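Written out below as structure tokens is the structure these notes cover.
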Amino acid sequence: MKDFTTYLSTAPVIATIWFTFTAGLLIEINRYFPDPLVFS
Amino acid sequence: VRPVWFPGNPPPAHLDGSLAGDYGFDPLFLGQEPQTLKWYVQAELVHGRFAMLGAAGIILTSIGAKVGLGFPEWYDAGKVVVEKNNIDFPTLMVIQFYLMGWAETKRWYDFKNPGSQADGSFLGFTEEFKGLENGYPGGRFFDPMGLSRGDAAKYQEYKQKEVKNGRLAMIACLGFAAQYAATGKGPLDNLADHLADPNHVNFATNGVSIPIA
Amino acid sequence: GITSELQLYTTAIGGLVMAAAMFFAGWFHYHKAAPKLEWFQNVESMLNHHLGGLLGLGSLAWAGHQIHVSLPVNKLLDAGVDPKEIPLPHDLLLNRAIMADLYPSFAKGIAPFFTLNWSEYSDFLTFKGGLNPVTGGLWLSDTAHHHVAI
Amino acid sequence: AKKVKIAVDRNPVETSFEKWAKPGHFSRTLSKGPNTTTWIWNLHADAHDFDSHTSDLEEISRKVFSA
Amino acid sequence: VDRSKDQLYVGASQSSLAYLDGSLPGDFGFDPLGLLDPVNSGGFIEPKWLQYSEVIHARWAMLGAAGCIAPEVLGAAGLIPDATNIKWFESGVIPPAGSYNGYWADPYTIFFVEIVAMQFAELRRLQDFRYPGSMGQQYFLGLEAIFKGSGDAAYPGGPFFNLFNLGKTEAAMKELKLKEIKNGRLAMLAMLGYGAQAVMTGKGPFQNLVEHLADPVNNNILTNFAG
Amino acid sequence: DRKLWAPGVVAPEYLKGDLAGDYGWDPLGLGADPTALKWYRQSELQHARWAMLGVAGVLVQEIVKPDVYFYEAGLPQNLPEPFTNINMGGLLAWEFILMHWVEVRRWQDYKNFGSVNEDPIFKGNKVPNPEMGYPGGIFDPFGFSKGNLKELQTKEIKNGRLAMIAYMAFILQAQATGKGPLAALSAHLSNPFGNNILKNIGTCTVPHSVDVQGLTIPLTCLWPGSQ
Ligand code: CLA
Ligand code: CLA
Ligand code: CLA
Ligand code: CLA
Ligand code: CLA
Ligand SMILES: CC(/C=C/C=C(C)/C=C/[C@@]12O[C@]1(C)C[C@@H](O)CC2(C)C)=C\C=C\C=C(C)\C=C\C=C(C)\C=C\[C@@]12O[C@]1(C)C[C@@H](O)CC2(C)C
Ligand SMILES: CC1=C[C@H](O)CC(C)(C)[C@H]1/C=C/C(C)=C/C=C/C(C)=C/C=C/C=C(C)/C=C/C=C(C)/C=C/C1=C(C)C[C@H](O)CC1(C)C
């Protein structure tokens, strides 16, 4: 298992997870707060 | 030499038989790292003990509903309690995470630092929160009858019973959810229907589990 | 001859089973039973199997699907029959009488093939050419004879 | 005349995640790790160039077949 | 292939005789595709698995060949009611071909029992091939005493699988293994015959025999191409 | 040197003729564990002795009261005049209390042999209990055990094993034909060919359930017979 979790820590895999998470957060915010153009 | 989940296959190296309920079952090597295994041992015990409470609670109330004492089904109890007693759902939910948050966080930091909760910081209590083993608190509060402070051989037997009954309860709770989804009825409505006609009322004839049938 | 979402869905499941099998074969033939160099160098045997087996049997099998499924279903579709009233493909396979209605030569079974009376199958093995005037595509009876000949 | 027959080797390569955690393992040049960003591009350009990783034709063929 | 008994069958080749030395039961030197050559063997194409699999197919086929025709024969003799006198392919194994309603449960209820029963029987048998003698070690309600095997997966023997300890001598046991394999190969071909004849004719194996005897010239495969 | 269950078989290494009625028969090797053999020998005696009472009860009752079907004698309305329509719950209360006592007394003897030989109220009364399962003393008032005990034990187990098979024959015959053992025998003799198992095996004459003073008791045949 140590080696497999080491593989999951490589740059492409971390980038995939982090950007999947970051994209999910941005998509879900726009799902619940649609069409935001200004801060009120 | 000890019995294993798949007779003939040697147990994996990291399952040496010391833990309760050790049958060499870890085909995905999820607990290979010793520090991960300690965390998972406690996770299995917390899951098992919650499942045992849930299975017994579901079974008892289902019996009461079956014999017409007025209890709701487990999948309807939540709505009936709040509406009948005029309880704010969000307020009850917040109180639950306060009380569970306090107990869980103290358990969390005893795993990270064993015996750290016994320094007297919580209201002056010292021994009751020292802990005995990973996942086995012990002491006067968690073991008031001291069944872990008597016969060592008896204590090990109880550990084997606890985890096995715990695993069975976890499976049973999975059954309650699957059976409610398939049949839409309560656990003892399902049991009563099966007993009336075992050959023709089972998962193979419920119209869901075997779609091709 | 696909007419329902169920038939499409079942093919998708089978594709995943094949996908798993391909990935298993790749692991198996590299980590477990890896061929030796002499196995790869049997170019004569490889060509025999890829010509007769991969292409020959593949074409024969597909011709089998066309004769027993594609042609009957597309014949009824081009006649205005509603897709849900068309017999399911296995009913065509198991009931020679239904096929004999669409193609009378089916009433004679496979005997004309074995007696070299191949002209009997002219009702579903054709040489029309051109295009089907209803659908604008090739006659499926032509493609079926094509794949038999191939 | 050589007989046409099935011929394999049993268990040639152990199934393990050890090399997944060692980028560039397949090549003698890259297996030592990066010192410049050119290493990163070289890792991907050479990944499937099997014959540049070894001269054994049998080893190349097995990689081709499973790929 | 040469039927009957012979020193070597038709398909025997000088190449096959290099490794087919006659030790295995039923070794008539017939391996034209050379699937039993030990050199550079692996996977499931190896002498042990292939010989084990042939016996397994032989034993299932012998049950199937007798079981796929028994209801028709006993039904003809009147020993069983006509309601259970059914063709092997109409018993519910292939519902599109016909099914029998009258079992104590629907075939999918029965099938689940088959899965659980066969998983235990089959996976335990597998472990004796992978780890010889391992099924006699772990507790199995005291039944592990009869699952020790003998070191040869195809012939476990023991107090149950060899109930009457037949073939006590090596010569006798060798003779019996030959008889088991030849009856098994005959049964395997019979099952293939049942399947092809069902598709070709749509009738049961017993009807096909009765009709061929009634008029052999007008009832055979050649006349069954047409209708 | 004793005769075994079959010719040419070899007795298990743990069956040396010490026990009465030892034919070296253990196909499933259930007795290989020495602790299990002692327990299984006790249960064999219980089945043997209860079965012999069962056969004698069915046979004697059928002769004395031919009009009563032993299979249905358990219904309260069929009880003799003094006990007719007795509360079955109160009747079960006596049996549970009294059988629990004697069975736990017998059970504790297995757990710790020789520990419950003495009367618990009137001290001084004891049973010899020479062997487990053979109390003696008050249980052998006529003193037959003071002789060739081993021969008698052989006779007991031989007749007991025969009675076990005999009683299950009564049960299956009752389910298939709905007649008692002697009534079934008379039916066979009158029409040996028209009345036998070949025709009756397909019929199960037991209802699906019966009502006993307001409690519905499920019933079942031993096979999926046609109701
Ligand atoms: C879980 C099983 C498993 C494990 C643990 C291993 C382990 C190993 N294999 Mg084996 N292998 C497996 C399965 C496995 N293999 C399978 C299923 C196949 C068939 C394809 C093979 C075929 C194979 C070959 C041919 C070779 C190995 C080799 C290796 C070694 C290096 C692996 C490596 O660096 O991977 C890291 C690589 C990756 C993560 C790339 C994954 C590529 C796959 C096909 C998915 C790509 C999909 C993706 C969507 C493509 C488009 C991307 C786009 C969307 C951006 C190592 C001992 C190599 C070696 O040196 O052995 C001695 C070698 O030459 N393996
Ligand atoms: C690969 C292609 C292919 C396939 C699979 C089929 C298949 C079929 N064709 Mg078609 N056909 C094809 C190509 C094909 N055809 C071509 C190219 C032509 C043009 C010349 C035709 C022309 C044609 C005609 C004119 C007719 C058919 C018919 C049939 C059906 C009956 C055949 C028959 O009598 O078999 C005879 C016997 C066999 C094929 C042997 C079967 C052997 C079985 C599977 C053995 C099983 C053994 C095993 C041990 C069993 C275990 C059981 C288990 C439960 C234990 C069948 C569905 C007939 C029909 O009724 O169609 C609806 C029919 O009339 N075909
Ligand atoms: C390009 C494809 C390909 C090729 C060339 C090979 C080649 C080889 N494989 Mg591999 N294999 C493949 C794909 C392939 N495999 C796939 C997809 C899988 C996953 C299921 C496997 C799983 C596999 C295993 C588990 C084994 C091999 C073995 C072998 C060797 C002997 C094969 C043999 O005896 O075949 C002759 C064929 C048979 C003995 C009977 C196969 C019967 C199949 C299952 C049914 C018919 C399939 C047919 C093409 C389509 C039927 C359609 C319809 C009528 C139903 C050989 C090196 C063996 C080995 O390593 O030997 C040393 C071995 O043990 N292969
Ligand atoms: C592996 C081979 C095989 C398989 C899968 C089948 C399958 C089938 N056979 Mg076939 N059969 C076979 C071999 C096989 N047969 C053989 C070799 C013969 C010749 C002897 C027959 C003769 C035969 C006949 C005559 C009939 C079938 C029928 C059937 C069907 C119903 C089965 C049934 O009701 O079982 C019932 C279940 C059992 C017999 C097993 C009993 C299981 C219980 C739980 C055991 C209890 C044990 C207990 C200790 C009591 C022991 C008492 C004893 C000592 C007296 C089914 C399709 C029937 C059919 O086609 O109906 C339409 C039918 O009439 N078969
Ligand atoms: C392989 C054996 C086999 C199997 C699987 C079946 C299966 C079935 N039989 Mg059939 N049957 C068989 C043999 C078998 N039968 C034989 C040999 C006879 C003649 C004695 C009969 C007589 C018979 C009748 C009269 C009826 C059935 C019926 C049935 C159904 C079950 C319900 C029932 O009443 O069973 C009863 C049958 C048995 C308990 C026979 C058990 C046979 C065992 C498993 C095999 C060994 C028998 C052994 C050689 C001793 C035979 C007797 C002896 C005196 C020679 C089912 C389809 C019933 C049905 O649905 O009819 C429409 C039904 O009415 N069977
Ligand atoms: C106890 C018994 C019967 C008891 C009957 C009684 C009290 C009946 C009472 C009544 O009837 C009356 C008087 C009058 C009725 O109005 C009322 C009732 C109440 C109905 C039968 C046991 C019957 C028991 C039987 C038949 C057991 C058979 C066991 C066999 C054959 C085992 C074989 C093997 O186990 C070996 C030995 C070794 C292994 O290696 C291999 C295998 C094959 C597994
Ligand atoms: C040798 C050699 C050599 C070289 O080298 C190569 C080659 C040539 C390739 C080879 C060959 C081979 C072959 C020929 C084979 C064959 C096989 C078979 C036929 C099988 C069967 C097989 C078969 C089988 C198993 C079968 C089985 C069956 C069964 C169980 C059945 C059952 C049943 C019954 C009773 C009845 C009911 O109602 C139904 C059922 C359910 C159905």
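Naming: A, B, ... by sequence-line order, numbering from 1 per chain. The analysis underlying the following values was restricted to heavy atoms, covering all of them including side chains, and did not include hydrogens, waters or symmetry mates. Every number for a ligand or one of its atoms is a count from 1 in the order of the listing.
- Checked against the 6.0 Å centroid threshold, C:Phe124 and C:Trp139 do not count as a close aromatic pair.
- Centroid-to-centroid, the aromatic rings of E:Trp88 and E:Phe206 stay 6.0 Å apart or farther.
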Worked check of side chain to side chain donor-acceptor pair (under 3.5 Å) between D:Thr54 and D:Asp56: CA-CA 6 Å; D:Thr54 181; D:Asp56 186 63; 5.7 Å; no

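- Counting only distance, with no hydrogens or angles, the side chain of E:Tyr194 and the backbone of E:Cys68 share no donor-acceptor pair below 3.5 Å.
- Residue contact annotation: E:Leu63 has a non-hydrogen atom under 4.0 Å from ligand 4.
- Near atom 10 (Mg) of ligand 1, less than 2.8 Å away, sit the protein N, O or S atoms C:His31 NE2.
- For ligand 1, the atoms sitting less than 4.0 Å from at least one non-hydrogen atom of D:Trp20 are 4 (C), 5 (C), 6 (C), 7 (C), 8 (C), 32 (C), 33 (C), 35 (O), numbered in the order shown with element in parentheses.
- Atoms of ligand 4 found under 4.0 Å from any heavy atom of E:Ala70, numbered from 1 in the order shown, are 19 (C), 22 (C).
- Counting the atoms of ligand 4 from 1 in the order shown, those under 4.0 Å from a heavy atom of E:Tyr103 are 30 (C), 31 (C), 57 (C), 61 (O), 62 (C).
- Less than 4.0 angstrom separates some heavy atom of D:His25 from each of these atoms of ligand 1: 31 (C), 33 (C), 34 (O), 60 (O).
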Apply the test side chain to side chain contact (heavy atoms under 4.5 Å, CB included) to residues A:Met1 and D:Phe17: give CA-CA distance (whole Å), side-chain angles for both, the deciding distance (0.1 Å), then the verdict. CA-CA 8 Å; A:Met1 245 295 191; D:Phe17 287 101; over 6 Å; no

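- Partners of C:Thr143 under the side-chain hydrogen bond (donor to acceptor under 3.5 Å, both in side chains) rule, at least two apart in sequence or in another chain, are C:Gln66.
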Please test C:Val148 against C:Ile67 for side chain to side chain contact (heavy atoms under 4.5 Å, CB included), starting from the C-alpha separation and ending with a verdict. CA-CA 10 Å; C:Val148 167; C:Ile67 290 163; 4.2 Å; yes

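- Ring-plane geometry between C:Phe24 and C:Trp27 is classed as tilted, the angle between the planes lying from 30 to 60 degrees on a 0 to 90 degree scale.
- In summary, the aromatic rings of A:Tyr7 and D:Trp20 are positioned with their centroids under 6.0 Å apart.
- The aromatic ring centres of C:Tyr121 and C:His145 sit 6.0 Å or more apart.
- Although no hydrogens or angles enter the test, the distance criterion places no donor-acceptor pair under 3.5 Å between the side chain of D:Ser31 and the main chain of D:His25.
- Ligand-side atoms of ligand 1 in range of D:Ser16: 5 (C), 7 (C), 56 (C), 57 (C), range being under 4.0 angstrom from any heavy atom.
- Applying the side chain to side chain contact (heavy atoms under 4.5 Å, CB included) criterion to E:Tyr108, with sequence neighbours excluded, gives B:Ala204, B:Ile210, B:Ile212, B:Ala213, E:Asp106.
- Neither the backbone nor the side chain of D:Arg62 has any atom closer than 4.0 Å to an atom of ligand 1 (non-hydrogen atoms only).
- When each atom of ligand 1 is checked for a heavy atom of D:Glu14 under 4.0 Å away, the hits are 57 (C).
- Each of E:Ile86, E:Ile94, E:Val93 was compared with E:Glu90 under the side-chain contact (heavy atoms from CB on, under 4.5 Å) criterion, and only E:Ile86 meets it.
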Side chain to side chain donor-acceptor pair (under 3.5 Å) between D:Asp46 and D:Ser27: does it pass, once the steps are laid out? CA-CA 8 Å; D:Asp46 305 330; D:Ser27 88; 5.7 Å; no

Which protein N or O atoms sit under 3.5 Å from any N or O of ligand 2? Give each pair with its distance.
| residue | atom | partner | partner atom | Å |
| --- | --- | --- | --- | --- |
| ligand 2 | 9 (N) | C:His68 | NE2 | 2.9 |
| ligand 2 | 15 (N) | C:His68 | NE2 | 3.1 |
| ligand 2 | 60 (O) | C:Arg96 | NE | 3.4 |
| ligand 2 | 60 (O) | C:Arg96 | NH2 | 3.2 |
| ligand 2 | 64 (O) | C:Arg96 | NE | 3.4 |
| ligand 2 | 65 (N) | C:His68 | NE2 | 3.2 |

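- For ligand 1, the atoms lying closer than 4.0 Å to a non-hydrogen atom of D:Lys63 are 25 (C), 60 (O), 64 (O).
- Not a single donor-acceptor pair under 3.5 Å links the side chain of C:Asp91 to the backbone N or O of C:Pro87.
- The ligand atoms of ligand 1 that sit less than 4.0 angstrom from a heavy atom of A:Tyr7 are 39 (C).
- Applying the 4.0 Å criterion to heavy atoms of C:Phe23 picks out, from ligand 1, the atoms 17 (C).
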